[PDB]
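Asker: Going down the list, the protein sequences come from chains C and A.
In terms of the deposited numbering, the first sequence is residues 112 to 657.
In terms of the deposited numbering, the second sequence is residues 112 to 657.
Dropping a structure here in structure tokens format, bear with me for questions.
2 protein chains.
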Amino acid sequence: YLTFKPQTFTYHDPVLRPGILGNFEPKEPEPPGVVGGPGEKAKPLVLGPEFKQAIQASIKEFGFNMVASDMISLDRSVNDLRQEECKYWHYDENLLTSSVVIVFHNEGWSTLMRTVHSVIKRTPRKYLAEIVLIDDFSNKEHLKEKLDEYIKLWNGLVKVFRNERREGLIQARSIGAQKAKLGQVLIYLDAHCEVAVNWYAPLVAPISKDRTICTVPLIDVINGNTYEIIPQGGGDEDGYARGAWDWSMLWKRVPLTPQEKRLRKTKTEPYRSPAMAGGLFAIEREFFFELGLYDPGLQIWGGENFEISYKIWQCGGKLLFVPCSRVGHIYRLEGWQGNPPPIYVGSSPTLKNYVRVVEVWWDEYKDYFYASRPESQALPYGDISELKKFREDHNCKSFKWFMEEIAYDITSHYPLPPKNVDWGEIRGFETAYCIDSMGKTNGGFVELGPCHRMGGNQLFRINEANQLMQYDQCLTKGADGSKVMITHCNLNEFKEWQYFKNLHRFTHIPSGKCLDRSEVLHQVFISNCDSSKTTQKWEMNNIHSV
Amino acid sequence: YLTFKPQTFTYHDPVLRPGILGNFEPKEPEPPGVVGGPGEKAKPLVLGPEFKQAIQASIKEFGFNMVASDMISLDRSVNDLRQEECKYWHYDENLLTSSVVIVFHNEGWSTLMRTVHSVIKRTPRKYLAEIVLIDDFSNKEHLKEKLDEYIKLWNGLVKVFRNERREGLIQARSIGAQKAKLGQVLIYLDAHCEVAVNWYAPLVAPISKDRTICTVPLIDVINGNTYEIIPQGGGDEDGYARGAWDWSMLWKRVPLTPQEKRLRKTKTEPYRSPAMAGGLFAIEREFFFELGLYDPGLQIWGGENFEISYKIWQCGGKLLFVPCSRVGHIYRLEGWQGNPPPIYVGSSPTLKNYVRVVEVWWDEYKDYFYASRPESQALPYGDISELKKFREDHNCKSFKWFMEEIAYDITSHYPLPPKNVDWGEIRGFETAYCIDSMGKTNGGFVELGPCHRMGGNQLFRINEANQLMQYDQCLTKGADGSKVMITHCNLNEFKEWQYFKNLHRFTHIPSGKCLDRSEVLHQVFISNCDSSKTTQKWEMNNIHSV
Ligand SMILES: [Mn+2]
Ligand SMILES: [Mn+2]
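Here it is, written out as structure tokens:
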């Protein structure tokens, strides 16, 4: 019976006037911070080898080349990845005010400050209400005291709020929303971002017409090494993709559909996406609270982006990708040493968050999730009561509506999975050896190892469709081999195992052969079945860790 | 006219008497160090999860599960991986005495001491002359002082010699040979080894008949996490394999050939291998000096193992794998740290070592090496004069003899490579973007990136045979895509590129398509040929490393 507050605010949708440009486009080229280079305007900065040993160090500390970043201006210019028609939209000038919240943890100085400098340089002043930095219990000394003094520049426009304990990224974002009173809309940004020219007007205009639209900018890639900016490779060409997921709830992207394109008169106007990546988005501040922010059961590193996406869509909102508003996000490099917090019940925290989102939102679909991850089936996912009552009090639409009206494409790229026959370890009958993946993927060979019952790479499942699978990958027969190999699976590919529980037999269907192994050397292979080997007898047991 | 000092020892080859045991086989089963567990007799030790936080720490420090090793006896018993008929060989007892040298650097205590305990427990006392530990400049405190005092246990049988600077593994082994004077033969062992029962007699008997035979034991795998022992998966039906190399000089193993089997009366007697893995072997001490030990130009790593193998074979020696003598070596796990020295730019000095071995030993073969690695072609490999004079003074046989008389089977598994047409970066014509691999292998897609001229993943080569290759892998075209992908390669596979330097064109041969790129985002694809396009224009330039 509950509703959302009504739209008091009046706004006019923008108009596209080809060949006439403005009103939010800067008339003349943006002044470089340093003229010219090192890194303007997003021309790559390639260094070394004199800088080699220094660069690798900072990569260990930050996962980014801070050596380069340190010699690029905090006020650098940047390249325009925007489509041309973008330059010809005339916006109302009546946009809601914004607070941008940037959560950070141990962020390198120059990447965090260039982010803030980026926002100040390219957002019209009236609209920028405050920039709230949420320190999620930082370690490093340059982010305390030195930061407090520096921020005095900007005359109190920019504020920082420490967290007593490390709350985690999802909950940190919730605190941000609380700590940022001044703006009408919340604009969230990762702490290693560079925002593009005229990002704001296109981003905030759809929220203005309608307070239950949530806006996401197109997110572009900034090289961790070179600091050049590139768009993501997905979809449309133009290159418009909308956010999706497979049924283990991993984020995937898919091309913008013709069907959506039909809904829109012009190429560059916002479009509907079923879900957001998660780190950067815009909602009206009240409306976010009306959805109760982020489920406060998600511990860390959720799980977060999907929860809000379903809430907004199934409770009467829209989530829209705005092509005309672009933001660069720096992407990490190998060799970083920033580490997971210890957890006794694992990998409970993230997996547990996925189960929370599914159970409340997915409805009948939870079945697809549970056969992609059976390991999660009986996981203590916690109290979900108020979250289910919320959904019922606001008469929110079903996930089934969602999947057929707004998320129609997904099953075309990520097909529904077949139910499971069984899952768990594949252990040697009355032995303590298990088929162990070894983390091998795409072409490598599966081995035997001492059972640990910890799931992980000793966990498998059997399809009704006769696929033997670990994560996304299936095992099949190596050619020319009796060797069992792990590769990428497609719905009708490698339908070649059948498991008889009583027999203790896995049998390859195209040959006649039965799974068999050698205890030393630790090897797994298929040979003509002989009862009384007694290798070739296996059991499958649910791991079911708590 | 230089010659090796002749044999003066008279020794006789052992005799196999089936069904009669002895004479070096232990009479009764080996007593466990701790009765009732854990780790004996090489049962796997499976811990956790109470231990997991602790285990992951020690893996960071050592690359071994030290918490598991720490609770296994230094005197444990292990499993017998030897063939049964190994038990029935009767050896003379006339054998030579031996100094075992164990180089170490920051080795975990319990793995280093269990090695020594292993040797003391299973070597007959008369034959064990000393155990010389070479400390290559370790910093961990448990390896100093605590070690000196513990070692007093063996009444001075065991001795350790510190190195003033970290000399590196190869040179450390040379110092060992100098510092260990007592034995007639040198037995080298990695510092994380467990030697099998009756390893010694079979290992040292062939050196005894003939002072220019060099012996290698079969090297078995000790799991670095649960410490059960597994033989390596190697070709022979009996699991016997002989050491090889591809033409980039990467160590490889191949199955024991039928021809070698005709040469031998028995399944279990020693056999010829063209080269040794490197860490564990046995030579008569004088004879090693007569070969001038290890080329003192070899830098920290990159065998070295090959150098000695060619010396012994081409200067009148034999290198023999002894099945009956087995040694377990612990194999590392991911997560170590675990780190290279900073020297620029050999690069690497390791590549510099390979060129030293090739230039002196390979002869006309150096051509195969140089097209597998052209990057090495003009690398300052250093003074090689005395090493070439050695080969000439001793009248050493040609590599060509070597490859057709003793290493005939290599080119059957690792074919000679086709000459190169060009090699280097693949750069965009009058741009600063280069095709680069991103380190991608086996199925992934090759991208564009800012040129750095550092070789590495922006280095490629083109075959006479029309293969575009990086390391062992090839580029082909993977549909439905028009993207270019890397996979593993075979001599007649993916013969599909031709490069015209003047044209600035790479063209796909099966389609008519030409290599093309989009500068943003950085993408590489093959597209219909057009001459208008500046993309589709490429140079290939030798990157030279000094
Ligand atoms: Mn991030
Ligand atoms: Mn080693």
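Where a beta carbon is used, it is the ideal one built from N, C-alpha and C, also for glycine.
Leaving out five residues before and five after A/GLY457 in sequence, what residues of the same chain have Cβ atoms less than 7 Å from its Cβ?
Answerer: On the second sequence, position 346 is the one that residue 457 of chain A refers to. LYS463.
Asker: Taking Cβ-Cβ distances below 9 Å as the criterion, which residues of the region 563-586 of chain A are in contact with chain C?
Answerer: Taking 9 Å as the Cβ-Cβ cut-off against chain C, the residues of the region 563-586 of chain A that qualify are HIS563, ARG564, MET565.
Asker: Would you say A/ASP331 touches ligand 2, meaning its beta carbon is less than 7 Å from a heavy atom?
Answerer: Residue 331 of chain A sits at position 220 when you count from the first residue of the second sequence. Every heavy atom of ligand 2 is 7 Å or more from the Cβ of A/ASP331, so no.
Asker: For C/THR377, which residues from the same chain have a beta carbon less than 8 Å from its beta carbon, with the 5 sequence-adjacent residues on both sides left out?
Answerer: Within the first sequence, numbered from 1, the residue matching residue 377 of chain C stands at position 266. The residues are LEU127, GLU196.
Asker: Does C/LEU632 come within less than 8 Å of chain A when only Cβ atoms are used?
Answerer: Numbered from 1 along the first sequence, position 521 holds the residue referred to as residue 632 of chain C. For C/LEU632, the answer is yes, since a Cβ of chain A falls inside 8 Å of its Cβ.
Asker: Under 7 Å Cβ-Cβ, which residues of chain A neighbour C/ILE341?
Answerer: As a first step, residue 341 of chain C is located in the first sequence; it is residue number 230 there, counting from the start. Going along chain A in sequence order, the residues near C/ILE341 (Cβ under 7 Å) are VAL631, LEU632, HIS633.
Asker: So is the beta-carbon of A/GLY390 under 7 Å away from any non-hydrogen atom of ligand 2?
Answerer: As a first step, residue 390 of chain A must be located in the second sequence, where it is residue number 279. Yes, the Cβ of A/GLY390 comes within 7 Å of a heavy atom of ligand 2.
Asker: Counting pairs of beta carbons, one from the region 141-148 of chain C and one from the region 536-554 of chain A, are three or more of them closer than 8 Å?
Answerer: Taking 8 Å as the limit for Cβ pairs, the verdict is that the region 536-554 of chain A does not touch the region 141-148 of chain C.
Asker: So C/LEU391 and C/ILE330 are in contact, right, with Cβ under 8 Å, and what is the actual spacing, rounded?
Answerer: The residue given as residue 391 of chain C occupies position 280 in the first sequence. The residue given as residue 330 of chain C occupies position 219 in the first sequence. Correct: roughly 6 Å between the Cβ atoms.
Asker: Can we count A/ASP301 as close to ligand 2, meaning its CB is less than 7 Å from some heavy atom?
Answerer: Within the second sequence, the letter at position 190 stands for residue 301 of chain A. Checking the Cβ of A/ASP301 against ligand 2 gives yes.
Asker: For the region 619-630 of chain A against the region 506-523 of chain A, do three or more pairs of beta-carbon atoms, one drawn from each stretch, fall closer than 8 Å, so that the two count as touching?
Answerer: The region 619-630 of chain A vs the region 506-523 of chain A: no contact.
Asker: Taking all protein chains shown into account, decide if C/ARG193 is buried (16 or more other Cβ within 10 angstroms of its Cβ) or exposed.
Answerer: Mapped onto the first sequence, residue 193 of chain C falls at position 82. Per the 10 Å Cβ criterion, buried.
Asker: If we require 4 or more residues per run, which alpha helix (DSSP H) segments fall completely within the region 495-523 of chain C?
Answerer: Listed in chain order, the complete alpha helix (DSSP H) runs (minimum 4 residues) inside the region 495-523 of chain C are 496-504, 510-516.
Asker: Extract the residue ranges of the alpha helix (DSSP H) inside the region 140-195 of chain C, only unbroken runs of 4 or more that lie entirely within it.
Answerer: Correct list: 163-173, 177-182.
Asker: Please identify, using Cβ separations under 8 Å, the residues of the region 527-558 of chain C that lie next to chain A, in order along the chain.
Answerer: Taking 8 Å as the Cβ-Cβ cut-off against chain A, the residues of the region 527-558 of chain C that qualify are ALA543, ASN553, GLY554.
Asker: Going by beta-carbon coordinates alone, are C/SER229 and C/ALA291 separated by less than 8 Å?
Answerer: As a first step, residue 229 of chain C is located in the first sequence; it is residue number 118 there, counting from the start. As a first step, residue 291 of chain C is located in the first sequence; it is residue number 180 there, counting from the start. Cβ atoms of C/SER229 and C/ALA291: not closer than 8 Å.
Asker: Are the beta-carbon atoms belonging to A/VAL466 and A/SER496 less than 8 Å from one another?
Answerer: Reading the second sequence from its first residue, position 355 is the one you call residue 466 of chain A. Reading the second sequence from its first residue, position 385 is the one you call residue 496 of chain A. Their beta carbons are not under 8 Å apart, which means A/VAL466 does not touch A/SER496 by this criterion.
Asker: Would you check if the distance between the CB atom of C/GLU218 and the CB atom of C/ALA302 is smaller than 8 Å?
Answerer: Within the first sequence, the letter at position 107 stands for residue 218 of chain C. Within the first sequence, the letter at position 191 stands for residue 302 of chain C. For C/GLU218 and C/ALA302, yes; Cβs fall inside 8 Å.
Asker: How would you list, in chain order, the residues of chain A whose beta-carbon sits under 7 Å from the beta-carbon of C/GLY427?
Answerer: As a position in the first sequence, residue 427 of chain C is number 316, starting the count at 1. The contacting residues do not exist; C/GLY427 stays about 36 Å from chain A at best.
Asker: Give me the chain A residues within the contact set of C/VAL178, using Cβ-Cβ distance strictly less than 8 Å, ordered along the chain.
Answerer: The residue given as residue 178 of chain C occupies position 67 in the first sequence. Simply none; closest approach about 14 Å.
Asker: My output table needs one value for A/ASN653: the three-state DSSP class, helix, strand or coil.
Answerer: On the second sequence, position 542 is the one that residue 653 of chain A refers to. Three-state DSSP puts A/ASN653 in coil, outside helix and strand.
Asker: Looking at C/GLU401 and C/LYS198, is the spacing between their C-beta atoms short of 8 Å?
Answerer: In the first sequence, residue 198 of chain C corresponds to position 87, counting from 1. In the first sequence, residue 401 of chain C corresponds to position 290, counting from 1. No, the Cβ-Cβ distance between C/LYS198 and C/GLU401 is not below 8 Å.
Asker: So C/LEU206 and C/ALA316 are in contact, right, with Cβ under 8 Å, and what is the actual spacing, rounded?
Answerer: Within the first sequence, residue 206 of chain C is the residue found at index 95, counting from 1. Within the first sequence, residue 316 of chain C is the residue found at index 205, counting from 1. At roughly 6 Å, the Cβ-Cβ gap stays under 8 Å, so C/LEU206 and C/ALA316 are in contact.
Asker: Looking only at its chain, what residues have a beta carbon closer than 8 Å to the beta carbon of C/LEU527, apart from the 5 residues adjacent to it on each side?
Answerer: Numbered from 1 along the first sequence, position 416 holds the residue referred to as residue 527 of chain C. Excluding sequence neighbours, C/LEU527 sits near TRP358, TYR479.
Asker: For the beta strand (DSSP E) containing C/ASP331, list its first residue and its last residue.
Answerer: Walking along the first sequence from the start, residue 331 of chain C turns up at place 220. Counting along the chain, the beta strand (DSSP E) containing C/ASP331 begins and ends at 324-334.
Asker: Expressed to the nearest angstrom, what Euclidean distance is found between the alpha-carbon atoms of A/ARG484 and A/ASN334?
Answerer: By one-based count along the second sequence, residue 484 of chain A stands at place 373. By one-based count along the second sequence, residue 334 of chain A stands at place 223. When rounded, the distance between both Cα atoms is 33 Å.
Asker: When you check each C-beta in the region 139-157 of chain A against every C-beta of chain C, which residues fall closer than 7 Å?
Answerer: Per Cβ criterion, the list reads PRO155, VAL157.
Asker: Which chain C residues are close to A/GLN164, counting only those with a beta carbon under 7 Å from its beta carbon?
Answerer: Here residue 164 of chain A refers to the residue found at position 53 when the second sequence is read from its first residue. Within chain C, the residues near A/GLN164 are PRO453.
Asker: Going by CA-CA distance only, name the one from A/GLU607, A/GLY408, A/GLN578, A/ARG538 that's closest to A/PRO491.
Answerer: Locating residue 491 of chain A in the second sequence gives position 380, counting from the first residue. The candidate whose alpha carbon is nearest that of A/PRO491 is A/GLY408.
Asker: Kindly confirm or deny that the region 260-276 of chain C and the region 150-167 of chain C touch, where touching means at least three C-beta pairs closer than 8 Å.
Answerer: Not touching, per the Cβ criterion.
Asker: Quick one: is C/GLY439 near chain A, going by C-beta distance under 8 Å?
Answerer: For the purposes of this step, residue 439 of chain C is identified with residue 328 of the first sequence, where counting begins at 1. Not closer than 8 Å to any Cβ of chain A, the Cβ of C/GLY439 fails to qualify, so no.
Asker: Check whether the Cβ of A/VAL308 lies closer than 8 Å to any Cβ atom in chain C.
Answerer: Start at 1 with the first residue of the second sequence, and residue 308 of chain A comes out as number 197. No, A/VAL308 does not count as interfacial toward chain C.
Asker: Assign C/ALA302 to one of three DSSP states: helix, strand, or coil.
Answerer: By one-based count along the first sequence, residue 302 of chain C stands at place 191. In this structure, C/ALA302 counts as coil in the three-state DSSP scheme.
Asker: Taking C/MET224 as part of the alpha helix (DSSP H), name the residues at either end of that continuous run.
Answerer: Position 113 of the first sequence holds residue 224 of chain C. Start and end: 220-233.
Asker: Quick one, which residues of the region 342-362 of chain C are near chain A if we go by CB-CB under 7 Å, in chain order?
Answerer: Residues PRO342, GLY344.
Asker: Confirm, please, whether the CB-CB distance from A/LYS372 to A/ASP124 is below 8 Å.
Answerer: By one-based count along the second sequence, residue 124 of chain A stands at place 13. By one-based count along the second sequence, residue 372 of chain A stands at place 261. Cβ atoms of A/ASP124 and A/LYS372: not closer than 8 Å.
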